[PDB]
Amino acid sequence: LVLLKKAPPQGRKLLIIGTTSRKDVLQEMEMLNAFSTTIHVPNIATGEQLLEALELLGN
Amino acid sequence: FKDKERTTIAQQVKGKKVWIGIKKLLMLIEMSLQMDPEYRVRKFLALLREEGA
């Protein structure tokens, strides 16, 4: 997390992507604020998305 | 942010209470900036709606 808040020498630029299956313990350890933004990825909620995915795969 | 946008925000801020910090604010203006001109302020504000509350 120091690396998330660290800058390289000027002019250089990066992005650092992370993943996890939980936000809750990470908020508990106060690393979440270091992350500039978040994305909730949703999970498949609908038979519509399901069956159209299956139209795609065609199995 | 041009003066028009300054005002465009400024109408509805003063009725509200702000808890913010600078180093976040930079990224806010930035990520909101990369949209087209009409969207820019809308995105900045709308992020602040949840962020500063």
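Determine whether residue B:40 is away from chain A (no Cβ under 12 Å), at negative phi and surrounded by 12 or more Cβ atoms within 10 Å (Cβ to Cβ).
Against the criterion (away from chain A (no Cβ under 12 Å), at negative phi and surrounded by 12 or more Cβ atoms within 10 Å (Cβ to Cβ)), residue B:40 qualifies.
Could you tell me whether any residue of region A:16-37 is within 28 Å of residue B:43 (Cβ to Cβ), in contact (Cβ under 8 Å) with a residue 24 or more places away in the chain, in a loop (DSSP other than H, G, I, E, B) and more than 14 Å from every other protein chain (Cβ to nearest Cβ)? Yes, some residue in region A:16-37 is within 28 Å of residue B:43 (Cβ to Cβ), in contact (Cβ under 8 Å) with a residue 24 or more places away in the chain, in a loop (DSSP other than H, G, I, E, B) and more than 14 Å from every other protein chain (Cβ to nearest Cβ).
Checked across region B:10-25, the condition of being among the small types (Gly, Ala, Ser), closer than 22 Å to residue A:37 by Cα, surrounded by 10 or more Cβ atoms within 10 Å (Cβ to Cβ) and within 14 Å of another protein chain (Cβ to nearest Cβ) holds for no residue.
Report those helices (runs of 4 or more DSSP H) wholly inside chain B carrying at least 2 residues which are of a type in the set (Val, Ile, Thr) and in contact with a helix residue (DSSP H, G or I) (Cβ under 7 Å, 6 or more places away or on another chain). I'd like the intermediate steps shown before the answer.
On the way: elements: B:3-13, B:22-33, B:37-51.
It comes to B:3-13.
With ideal geometry, Cβ positions are generated from the backbone for all residues, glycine too; neighbour counts draw on all protein chains shown. Where a number appears in this text, it was derived from the coordinates with a stated rule and is not lab data.
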